[PDB]
Structure formats: C-alpha cells, structure tokens
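Since the structure comes first, as structure tokens, the remarks are kept for the end.
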Amino acid sequence: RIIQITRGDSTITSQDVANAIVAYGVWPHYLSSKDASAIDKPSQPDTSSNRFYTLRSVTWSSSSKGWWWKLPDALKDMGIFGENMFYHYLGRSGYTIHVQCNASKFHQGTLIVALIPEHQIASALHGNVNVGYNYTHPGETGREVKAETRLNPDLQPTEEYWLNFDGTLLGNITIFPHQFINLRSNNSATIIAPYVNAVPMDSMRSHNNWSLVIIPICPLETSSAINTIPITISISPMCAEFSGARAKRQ
Amino acid sequence: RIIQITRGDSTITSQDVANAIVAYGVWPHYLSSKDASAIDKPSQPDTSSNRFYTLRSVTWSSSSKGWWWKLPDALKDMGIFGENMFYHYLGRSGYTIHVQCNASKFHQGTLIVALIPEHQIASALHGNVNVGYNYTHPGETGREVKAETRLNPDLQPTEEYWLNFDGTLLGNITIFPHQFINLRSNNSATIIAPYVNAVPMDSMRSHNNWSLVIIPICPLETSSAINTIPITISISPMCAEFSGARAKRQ
Amino acid sequence: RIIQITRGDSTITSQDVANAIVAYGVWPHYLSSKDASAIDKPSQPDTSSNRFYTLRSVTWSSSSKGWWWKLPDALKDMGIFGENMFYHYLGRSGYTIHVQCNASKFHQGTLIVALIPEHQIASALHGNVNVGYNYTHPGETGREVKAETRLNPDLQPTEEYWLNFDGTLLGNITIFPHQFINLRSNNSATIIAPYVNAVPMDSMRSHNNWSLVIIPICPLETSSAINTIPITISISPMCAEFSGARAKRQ
Amino acid sequence: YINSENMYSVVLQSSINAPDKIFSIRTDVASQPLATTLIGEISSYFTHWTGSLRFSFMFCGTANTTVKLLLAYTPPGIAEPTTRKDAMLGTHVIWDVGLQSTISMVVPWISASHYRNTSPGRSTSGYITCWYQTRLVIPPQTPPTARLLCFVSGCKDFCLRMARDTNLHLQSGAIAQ
Amino acid sequence: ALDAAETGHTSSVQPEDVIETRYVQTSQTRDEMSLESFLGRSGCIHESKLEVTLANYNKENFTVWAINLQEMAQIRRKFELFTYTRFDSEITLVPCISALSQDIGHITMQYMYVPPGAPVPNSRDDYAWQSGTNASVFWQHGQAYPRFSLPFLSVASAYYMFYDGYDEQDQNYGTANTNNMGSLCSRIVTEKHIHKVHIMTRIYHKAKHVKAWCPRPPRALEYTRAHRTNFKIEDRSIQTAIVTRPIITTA
C-alpha cells in the first residue's frame, strides 16, 4: 500500500495509503473543441501551476467538530494559480488532493474526507437569510467548525456538520467520491477529480466549482501526552485553464 | 510604406513608415538545446506576454535633450512579463519596438532611435564613482535628459547625450541597429531584435541585457500653437522565457 | 531486506539488513600467477580458516566515543587463521565482516562502520613521537576510545575520533566502503573486501593491511531500563594464503 | 558541537506544534560548512563549477516514530525564507518517512552562466532550508527527541574547472619531520 | 527519491527524477578533473638552502635531503588523498644564487640522486662526487632550469601514501618504514673563491603517467611531522578548516 505522486514540479507520497478512486473514473483533461464555449486559445500555465500547493495547519482533538474548503477560492493565494485565476473572468481546473494525517500505531479515531460538488451551504439563522461572500469564500483559511460566537450570524453558514451543513444526512455522504483517514488503515488519504460543471468553463472567483470536506466521524485519542495531531492538505490543480484576460480581480 | 504588426494578442500599424531592419537579420527565436545552460523546461507565457505593452507619455520641444530605457527593467511592471521576470532568477527575451511620433505635414525636426547593447553609462561626477541602481534601473519611468539639479549626483549617470552618456561620439551611433523619426520621411519608426548575451540566458533584474535610446538630433518646430508633441513607445517581448522559479524579487 | 551468509563451516544472518556493497565491487579471490611475488605453492587452509570468528563484547552508551581494529592483528588468536599467520613471514587475505547491533523498535542512535585502509594513526602527544606496537596491534582486544589516563601517552595513538585519529574530517569517511547501523534502518550491518596492498602479499604481523572503524555518529538512547547495548563483530578471512613457513612468530 | 560528531547532526523536538524552520545553509560549493565536505574540498581545489547537487537525509530517530518534513531550495537574488510557505514557493520535496530510511533530492542547476565561481566573495548561489511539514510525533514514553544526518554528493550532472591550490587548508612555516 | 544511505551505496542518483527538466546539452568535459591533470601539474617539493662556507670550503659546501612528498602542504595533500599512487615524475630544479658580496662570478653546482646504499658525500671534496652510475646533474650561472624525467621507483607496485605497521622489529610506524627512496644531494662544483654566497634550489615535481589507489579523506589541519600523520601540535589546539556560525537556522 505505497504511492508516489508528481505534478508540475512537486511530489508527494504515502507508504501507508490505499490508492485514490479517481472521481467517476474520469482522469483529468483539458476542454474539447467539441464542447467549449470560450473563443480564445486559453492560458495553459501547465507545470508552473498544475503543481502542488498546501494549506495552513489545522489541528484536531477529541473535542473537534469538522473542517471544509471551497475551490478554487481555497487556492486564490497559490501564486501562479491564484493570480491566473484572479486575472481572468473564466477558467477551469480539476484537482489532485492528498490529506496528511499520520499518527502513531497507538492512536484511534477516524476522519471521513469527501470531495463534494456545489455543496450549497445552509444559513446558521432561520428565515429570510443567505450566506455572505466572506464565509462562502474563506480562502485558504478555510472553515473549521466551532461551538461559539461567530459574528454576523445572519450571514454565517450553519455549523451543523452531521446535517452536512445543508440539511442532508451524513453517512450517506459516501455518495460522493470519498476516503477515510483511519489511523489503523492508513496514515494519509487521497482523491483526484477532473473539472466539472453544467458549463464547459466557469467564473472562478464567483463560483466554487468544487468543494472539500473533512469530518471527525470517530474521536481522536491516544494515551500519549501528544493529545492532538495536525492535519494539512495539499492540492495540485489539474489541466488548469483560464480565459478572458483583463485586470486583477478585487 | 505601410505595415501591420501582431504579437500575442495586440496589434500595431503605421501607414507612414519604412520597415524595420531586423537587428543583424536574426529573427527572434527560443534558446537551443545545443547552446542552453539552464536545466529545466523553461516558462513559455507565449501569447500572454509576447504581446505589446507601452510606456507613459514623454513629450518634447525644441528645448528637449533626449530619452532612454534599459531592458528588461523598463518593462518590470508589464503584468505577466513583469512578474514572470521578477519570480525567476533567470530568463531571456528579444523585443519588437515601435515608437509613436506623428506630427503634421507642417512640422520639422528629427529624432534618432538606437537600440543599444550594454550601453554602460558613465557617472555624472568625476573620480571614484559609479552609477546607482535606482538610476540604471529607472523602470518604465525611464531617463529623460534634463539641465538641472538631479540629486545624489555622485551616483547619477551623466546627462551628456552627444557623448552617448559613455564618452563615445554620437552620429557614429548608427553602428547599432537604428532608425530616424523624420517628420517628412515617416510618422513612426520601428526596430526588432532577438535575445543577445555573452550567456545563453541572464539575470533579468540584475542586468539590462538590452537598452533603447531616442535623441533629438534636429530640433522640433512648427509655427502652429501645438508647440510640442508627445512620444510614446510600445514593446512586445519576443520568445520570452524564464527559469529558476522562486519567490517574487524585491 | 534479509540475508544468509556461509563461509568455511559457519553461517550468519540478518533479517533486517541492506546488503553489503562489495568493496570496489571486487569479489575476493586468490593471488594470480600474473601478479605474484612469492615462489612456493602457498598455504590454502580454505574451509578451516576462511570461516567466521568473532571478537569479545564491546558495549555502548550515549557517553561512548568509538571503537576500531587493525587486521590481520585483530584476528591473531583465531586458531587456524592466527597460527597460520604467525608461522609464515608472509600471507594475504580479504574479509567478510558483519557487525551485530540489534535494539528494540524503541531505541534511537546510529553508528557508522567504515572499513579503512592503512589508516595511519596519529600520536596522542605532540612533537617527535610515533605510535608504539602494543597499541597499533591491540589484537582482538581492539581500541575502544576513552576520556582518560591511557599510560605511555607519548607512544599512544590520539583518541580524536571526529578527526579520524589522523587529522582528517569525519563525515567524509564515507569515501571508504562503509555502512550505518541505524536502529530504524537495520539491526545489523555488513561489508566485504578482497585483499589489497601495494604488494601482491604482505608481512601479516608487521603490517595491518586492512582496518575497521565503528563510530557513534548519533548517541544511543531508549527510555527503557536497558540503557546500553553490546556490539560484537564477526569476521571470516577470504581466500586466505600464507607463504614462507618457519617457526611461530613472537 | 564542533569538537565532536554532533556538528554532523541536528536534533528535532517532537514537543512542538509549529510549521517553523529547522535549519538553513548556503548552496555555493566552497561556502561554509559545505566546503569541508569532500566535494567541498574538491571544489575548493577548483575555481569553476557546474551542474546540480544531490542532497540526502535520514530520519535517525526512534523506529516507532513518524513525521513528514519539508526540504527546500531557494533560487537566489532574494533573502533566505522566513515562513514555511516561502520555501513551498521554492523548489522542494515533502518527505514521506516510510519504512525506507532516507529522502534524497537535488538542488537544480539554475546558474545564469553555465559555470559559477566555486567560492563567492560578494556573491550567492541560493539556500537549503528545512521545516516541520508536520510536527514530529513520537509514540508515548519514547525519547522526547530525534536526530537527523545530512549528506551531499555530485549528481551525474556535476563538473569543475580551473584547478587551483585550495582555499581550504593552510601551512604556516616549515613542515617539520 | 527514497533510499537507505546505510547501504553504503550513494543515494538516489538521478536529477530528472524531481525536476520536470527541459532537454539540455549538458556537455562540459571532466578532463581537467582527470588524475593526469590534477596530480599532473607540478609544484614545489623542498628547499635546498646552502651557504658557501669559506674557512673549509672543501668540507662543508654540500647538502643532502631525504626524498619525500610529505613537507610541502599542497603537493602533500594531492597524494594524502589515496592509499597508494604510482607515477613517473617530471623533476625540475630552480637554482638561485644570492650574493652576500659585491659579485658572484661564474658558479657551477652539482646535484646527485643518492639511492639508499650509495656512499653519501661527507665533504664538498668527497670522492662520492664522482658518479659513474648515480644520476648526477649540473647547473651554473646563466644556464636554463634543469629538469629530468624520473620513472616510478618503488620495489612495490605503487608508493605507499600511508602504511599501517613497521619495519619488522617495530619502530618508525608508517611511511617512515616503506618510503625509503634515499636522498637528493647538492654541492658547489666551482673551487674555492672569494664570493660569500647563498645558493637556494627550489625543487619541483609533477607526477605524470599517473595511477592512484583507493581515495582517502583530505587532511583537515596543519602538518607536523613529515612521515607521521601527527596533528595535535604542542601548546596548540585543533582549529580545523570548519568555521562556526551563531545559529543553524541562519545561513
């Protein structure tokens, strides 16, 4: 159960992992002349951006409740990817994602990781409300789930993780392409996806065409004084493309 | 005597110009596997940067004395070109340059434009002195030539245009690839060059591998109340390449 | 990562080792008629001496500093090998060496083992001095490295292990054929060498034609009450030969 | 550490939840400390060098212990990095500390000139830099510590010119006998 | 990209493994890095300084030096890089006359290779200056630099750069056993004359047609004792070529 990974300039491994299911079996690819909408020959940064980038350390505990991100927004700051995104009205990209989560032989607990589509998050508050841009687009900073006092609550998404933050049951979440970090089974987990939309390419900053969720399905523990472990995620964009070049987006 | 020009996404014309001599007849091209030093497959932004960009308006008068730029530094702010330059230790590029300088049928005066190599500028002051980085690298802001009071003079270059700012005679400057804006002969002038160095590619921000000079060889005049005309220059980089990607240079 | 070893009558294994590099790739062999100096048909004890023999237990600690031996002298007492050596003016032999060094999964530390040539040891004291025979020829008793009070110091070798006892930097010592005991990587380490000299065979007791060094590059530790581990080394001579038979050497 | 083995080694702290820097070095072959390596000395015997360098790293800690680490290189003209993400923008490797002992990786040759001078005066080749990609995790009651040893060699790419009587060593007066 | 350095084998070899390279004509010759280059440049070996004594001109005015590569550091460190080496030798003489007097006049100077068990000259008038078979050679004022090719000498296949034992009764540990080449010698050939002078010969050699045997690590510290690897100098400390820095997180 060993893998190595190589994209654009950068490489990844686990020597205790079971291979990704490729999302729907479709290995990532560029747009087709048969399906395209945009007229130009689009921007292929290739190796300089279909390469890995990784998020700030989250860390977790038995008390922890969940984390997620929305893409491409979660990668808006990833140099070439980030600006090439911000300077175009449109683009498209798939992703290779690996989540890094080693423990000792002496830990238990499990996370589910789900790649998830439009994942249209429900409000925290009841009634005539909807989610505000700052929170739907948390950037690489992401959304960890917490017990208390998130301001502007009327525009906040719900914290209700076991309702998938949208009023659907968890545990059926395995309907999406998914994996488990299980500390016995593996030390890491991986998933890869092509581009997807109802449209052949999309307004990157305006719509998170993919999203990624990680949930503490089983509580972290060990008897060791190292009561907590970080998690980090690395992503490479795939076949990344951009079209309608103009100024940098604000 | 008419031309149209098309690079990367953008187009240029004059309908009163005589064609550029190509510098040394060598039409621009990428590096060769036979000559290269750098090991990677280098960054080809192609259309997204081998396209035109243009400088702030200078303007001139009978009293005016000269202007010049040093490349690539003069283009450090040209979006894709500028950052792709700043994020790599090395690159290379040639250039297509056109200078825009129309007058009426009722004006006289002439400028020489010279593309020029390392053009190693002499100090203003005598003695144990050399030119400071701020002035060798004026950016797109360039160096117009003026009569007075440039501070830090010990680190300033000389203003002595007819000594080519290096102690060589003007009028022999036609040794380089050059053209004249002559208001009777043309309304614009053009030159194109490949990459050049003693090295197969170069430390862009650290060394202006090419330079461009424009000089009022004959004074501007008309009897019309429009006593002055702007000049502007547009440039496209050619076959532009970059290697040794890391952080943005300061 | 498993091996078994069989020479002359005796056998060795590790089931957590990475194979020896053969010194310079030259698998051990007898002298050639093309290269020989000695006139007789020489003494081939074969199985009765190209078989394993092993040294007294050393043991090590975080406080320990190093150990080494000089060959053939380190084996002067190995029955057939030892006397066949002492009864001839000349001989030659290569060696197979394995060092035995198992710990638990719960230990850290590392040793470098270097096979080393003439390894001409420097004196302890300064000035007009050189190493005395008793110390260059420690027998199987070997030279562990210690902090204090070795008598006859003027004739002692230096204790300066990180200067390889000769005024050369350690860590470059990997220039020789070498291995690491690393407690994670392996539980044992191995090296094999042919005969070598500037001469086709040599005065065994008068010159240590090979030498062997083991150094605590990283300190031994575990939290377990078993604060220390023995090391032992076993050697078989290879293609061992002797010539110029006479009385037993004193 | 200098008068000992320990200057070949670094110590890691499993106690720390941080992304931060473990160590950094130059990359100029005849700079300190690299000059003291045998490739260093051979380069110090020379004036020109070219081609990429191999670097290698063993997790010398307790076999029961896990981590993943960032080894990274900085293309110069710029300061040595001060966040892990800075090094992540450089060319780098993240070490899957599997059963296998060692990660090995290369500083790519990115000299403007086909060669570089072997010793810089007022000049630079770039940096090696090292960071906690995860925290280091020992299992309970393991030693609260780990060791790392670091190696270098010329790649197949590597070469030198202008053999010169080396910087690295000095003779004062007569060599006595 | 992963390996076991503990094997002893060099680590994961290939640069194309972790860089998405362009094809490059990496095409730089290693020939300056050849042994017939690196050994095969000459350097000075020893310093034959003499004063022309007047009061017994006939006695004193000669010198003898034990042949070794062990007392000029640069050359020494070329050879202090291996177990053994073999080569033929360009030998080159740079004779110099220094005047302690108003003139030097014509001067002529002898050298002799004294292989061991040749009768060593005791006197500037010794019959040993006759040399029916010893390699003896002459220089004089205004003559070009003398040179000769000396073939590889040893009774063995290669010169010991190091040795790990003794001459059979157990003293002189190391090269002082094996490296008995005997000595070079020099002597003023002009007869007694009024000019007080110093003669200095710098003697040079280059090894060519070279071969070398099992590399060994370079000398880290000042030399001390020719044949012997001694390095712990008297009333001194082991200040190696390594230089310290304030913190290992700062380059």
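Letters A, B, ... go to the chains of the structure tokens in the order shown; residues in each chain start at 1; ligands are counted from 1 in the same order.
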
Requested in this report: With a distance threshold of 6 Å and counting only C-alpha atoms, extract the residues of chain E near chain D and express them as a list in words.
Outcome: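 Listing them in order of chain and number gives residues 1, 2, 3, 4, 12, 71, 222, 224, 225, 226, 248, 249, 250 and 251 of chain E.
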
Could you tell me which residues of chain D sit within 6 Å of chain C when counting only C-alpha atoms, and give me the result as a compact mmCIF listing (two decimals) with N, CA, C and O atoms, in the first residue's frame?
# COMPACT_ATOMS: atom_id res chain seq x y z
N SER D 4 33.32 17.50 17.93
CA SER D 4 32.58 16.26 18.13
C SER D 4 31.84 15.85 16.87
O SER D 4 31.57 16.64 15.98
N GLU D 5 31.36 14.62 16.86
CA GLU D 5 30.41 14.11 15.88
C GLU D 5 29.19 15.02 15.68
O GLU D 5 28.60 15.06 14.61
N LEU D 38 33.92 16.50 1.29
CA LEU D 38 34.93 16.16 0.31
C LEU D 38 34.62 16.76 -1.06
O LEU D 38 35.53 17.24 -1.72
N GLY D 61 15.83 9.10 14.12
CA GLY D 61 15.06 8.91 15.34
C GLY D 61 14.53 7.49 15.54
O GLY D 61 14.84 6.56 14.80
N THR D 62 13.72 7.33 16.58
CA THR D 62 13.27 6.02 17.05
C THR D 62 12.38 5.37 16.01
O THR D 62 11.51 6.02 15.46
N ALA D 63 12.58 4.09 15.73
CA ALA D 63 11.90 3.43 14.62
C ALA D 63 10.37 3.55 14.69
O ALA D 63 9.70 3.74 13.67
N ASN D 64 9.82 3.52 15.90
CA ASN D 64 8.40 3.68 16.19
C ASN D 64 7.82 5.08 15.84
O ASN D 64 6.62 5.28 15.98
N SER D 101 14.67 4.47 4.72
CA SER D 101 15.41 5.27 5.69
C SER D 101 15.58 6.74 5.34
O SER D 101 15.65 7.58 6.23
N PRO D 143 11.98 8.46 23.70
CA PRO D 143 12.81 9.62 23.97
C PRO D 143 12.24 10.90 23.32
O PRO D 143 11.82 10.83 22.17

Report task. When you get a sec, could you note down which chain A residues fall within 8 Å of chain B, using only C-alpha atoms, as a PyMOL selection string? Result -> chain A and resi 43+45+48

Requested in this report: Taking only C-alpha atoms into account, report as a list in words which residues of chain B lie within 9 Å of chain E.
Outcome: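 Within 9 Å of chain E on chain B, we get residues 32, 33, 34, 35, 36, 37, 38, 39, 40, 41 and 42 of chain B.
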
Restricting it to N, CA, C and O atoms, dump the selection as a short mmCIF file (atom, residue, chain, number, x, y, z; two decimals), in the first residue's frame.
data_model
loop_
_atom_site.label_atom_id
_atom_site.label_comp_id
_atom_site.auth_asym_id
_atom_site.auth_seq_id
_atom_site.Cartn_x
_atom_site.Cartn_y
_atom_site.Cartn_z
N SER B 32 18.31 27.20 -27.81
CA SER B 32 18.54 25.88 -28.39
C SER B 32 19.06 24.91 -27.35
O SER B 32 19.94 25.25 -26.55
N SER B 33 18.62 23.66 -27.43
CA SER B 33 19.26 22.53 -26.76
C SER B 33 20.77 22.46 -26.99
O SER B 33 21.49 21.99 -26.12
N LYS B 34 21.27 22.95 -28.13
CA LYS B 34 22.71 22.97 -28.44
C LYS B 34 23.49 24.01 -27.63
O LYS B 34 24.67 23.80 -27.35
N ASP B 35 22.85 25.09 -27.18
CA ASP B 35 23.53 26.23 -26.57
C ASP B 35 23.16 26.48 -25.12
O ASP B 35 23.85 27.22 -24.43
N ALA B 36 22.06 25.91 -24.63
CA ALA B 36 21.50 26.23 -23.32
C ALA B 36 22.44 25.96 -22.12
O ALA B 36 23.33 25.11 -22.19
N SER B 37 22.22 26.67 -21.02
CA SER B 37 22.87 26.41 -19.72
C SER B 37 21.87 25.86 -18.70
O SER B 37 22.14 24.86 -18.05
N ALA B 38 20.69 26.47 -18.58
CA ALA B 38 19.69 26.08 -17.59
C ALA B 38 19.08 24.70 -17.87
O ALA B 38 18.83 24.33 -19.01
N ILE B 39 18.82 23.95 -16.80
CA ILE B 39 18.42 22.54 -16.88
C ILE B 39 16.91 22.31 -17.08
O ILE B 39 16.53 21.34 -17.74
N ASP B 40 16.03 23.14 -16.52
CA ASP B 40 14.58 22.88 -16.61
C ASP B 40 14.03 23.05 -18.03
O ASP B 40 14.68 23.60 -18.91
N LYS B 41 12.81 22.56 -18.27
CA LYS B 41 11.99 23.08 -19.35
C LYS B 41 11.46 24.46 -18.91
O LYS B 41 10.71 24.50 -17.93
N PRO B 42 11.86 25.56 -19.54
CA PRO B 42 11.59 26.91 -19.05
C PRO B 42 10.16 27.41 -19.31
O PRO B 42 9.37 26.78 -20.01
#

Report task. Quick one: pick out all helix (DSSP H, G or I) residues within region 121-211 of chain E from a backbone DSSP run and write them as a list in words. Result -> residues 127, 128, 129, 175, 176, 177 and 178 of chain E

Please produce a file of those selected residues containing N, CA, C and O atoms, as a CSV table (one decimal), in the first residue's frame.
chain,number,residue,atom,x,y,z
E,127,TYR,N,85.2,11.9,-2.7
E,127,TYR,CA,85.2,11.1,-4.0
E,127,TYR,C,83.8,10.7,-4.4
E,127,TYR,O,83.6,10.6,-5.6
E,128,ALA,N,82.8,10.7,-3.5
E,128,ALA,CA,81.4,10.4,-3.9
E,128,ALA,C,80.9,11.5,-4.9
E,128,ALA,O,79.8,11.2,-5.4
E,129,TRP,N,81.5,12.6,-5.1
E,129,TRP,CA,81.1,13.5,-6.2
E,129,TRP,C,81.3,12.9,-7.6
E,129,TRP,O,80.6,13.2,-8.5
E,175,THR,N,54.8,5.5,7.0
E,175,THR,CA,55.6,5.7,5.8
E,175,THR,C,57.1,5.7,6.0
E,175,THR,O,57.8,5.4,5.1
E,176,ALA,N,57.6,6.1,7.2
E,176,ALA,CA,59.0,6.1,7.5
E,176,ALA,C,59.6,4.7,7.4
E,176,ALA,O,60.8,4.5,7.2
E,177,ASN,N,58.8,3.6,7.4
E,177,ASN,CA,59.2,2.3,7.0
E,177,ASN,C,59.3,2.2,5.5
E,177,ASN,O,60.4,2.0,4.9
E,178,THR,N,58.2,2.3,4.8
E,178,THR,CA,58.1,1.9,3.4
E,178,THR,C,58.8,2.8,2.4
E,178,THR,O,59.2,2.4,1.3

Report task. Name all residues at most 8 Å from region 41-45 of chain E (count only C-alpha atoms; drop same-chain ones fewer than 3 positions away) and give them as a PyMOL selection string. Result -> chain E and resi 37-38+69+71-72+74-75+90+202-207

Report task. Excluding region 88-101 of chain B and any residue of its chain fewer than 5 positions from it, enumerate the residues within 7 Å of it, using only C-alpha atoms, and give them as a ChimeraX atom specification. Result -> /B:28,187-195,201-204,230-246 /D:75-77,112

Suppose we keep C-alpha atoms; can you now write the selection as a short mmCIF file (atom, residue, chain, number, x, y, z; two decimals), in the first residue's frame?
data_model
loop_
_atom_site.label_atom_id
_atom_site.label_comp_id
_atom_site.auth_asym_id
_atom_site.auth_seq_id
_atom_site.Cartn_x
_atom_site.Cartn_y
_atom_site.Cartn_z
CA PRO B 28 13.76 36.25 -32.77
CA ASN B 187 5.21 59.36 -38.73
CA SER B 188 6.65 56.47 -36.65
CA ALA B 189 9.71 54.20 -36.55
CA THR B 190 10.35 50.55 -35.68
CA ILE B 191 13.08 48.09 -34.73
CA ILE B 192 13.07 44.40 -33.74
CA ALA B 193 15.77 42.33 -32.04
CA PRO B 194 16.40 38.76 -30.89
CA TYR B 195 17.78 37.96 -27.48
CA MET B 201 20.15 33.39 -20.69
CA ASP B 202 20.57 36.04 -17.96
CA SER B 203 19.65 37.52 -14.51
CA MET B 204 16.90 39.82 -15.79
CA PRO B 230 4.23 63.54 -27.16
CA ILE B 231 6.26 60.47 -27.88
CA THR B 232 5.33 57.01 -26.65
CA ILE B 233 6.94 53.64 -27.20
CA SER B 234 5.35 50.23 -27.31
CA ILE B 235 7.26 46.99 -26.94
CA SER B 236 6.43 43.34 -27.19
CA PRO B 237 8.92 40.90 -25.67
CA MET B 238 9.88 38.06 -28.08
CA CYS B 239 10.23 34.30 -27.40
CA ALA B 240 10.22 35.26 -23.71
CA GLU B 241 11.50 32.59 -21.33
CA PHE B 242 12.14 32.31 -17.60
CA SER B 243 13.92 29.72 -15.43
CA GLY B 244 14.70 29.12 -11.74
CA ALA B 245 11.24 29.85 -10.32
CA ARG B 246 11.10 31.05 -6.67
CA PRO D 75 16.77 30.27 -6.11
CA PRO D 76 18.79 33.38 -5.15
CA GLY D 77 18.56 37.14 -5.77
CA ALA D 112 22.74 32.17 -15.28
#

Requested in this report: List every residue of region 52-196 of chain C that DSSP, applied to the backbone, labels as strand (DSSP E or B), and write the result as a PyMOL selection string.
Outcome: chain C and resi 53-54+58-60+67-71+88-100+107-116+123+143-144+157+168+178-182+188-193

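In this model, the gap between CA of residue 103 (chain C) and CA of residue 149 (chain D) comes to 19.5 Å.
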
Query raised in the report: Quick one: residues within 7 Å of region 176-180 of chain A, only C-alpha atoms counted, chain neighbours fewer than 4 positions away excluded, as a ChimeraX atom specification?
Result: /A:23,110-116,189

Query raised in the report: If you measure from CA of residue 40 (chain E) to CA of residue 80 (chain E), what distance in Å do you get, rounded to one decimal?
Result: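 Calculated distance between CA of residue 40 (chain E) and CA of residue 80 (chain E) is 15.1 Å.
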
Query raised in the report: For the atom pair CA of residue 123 (chain C) and CA of residue 73 (chain E), what is the interatomic distance in Å to one decimal place?
Result: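 Between these atoms lies a distance of 19.4 Å.
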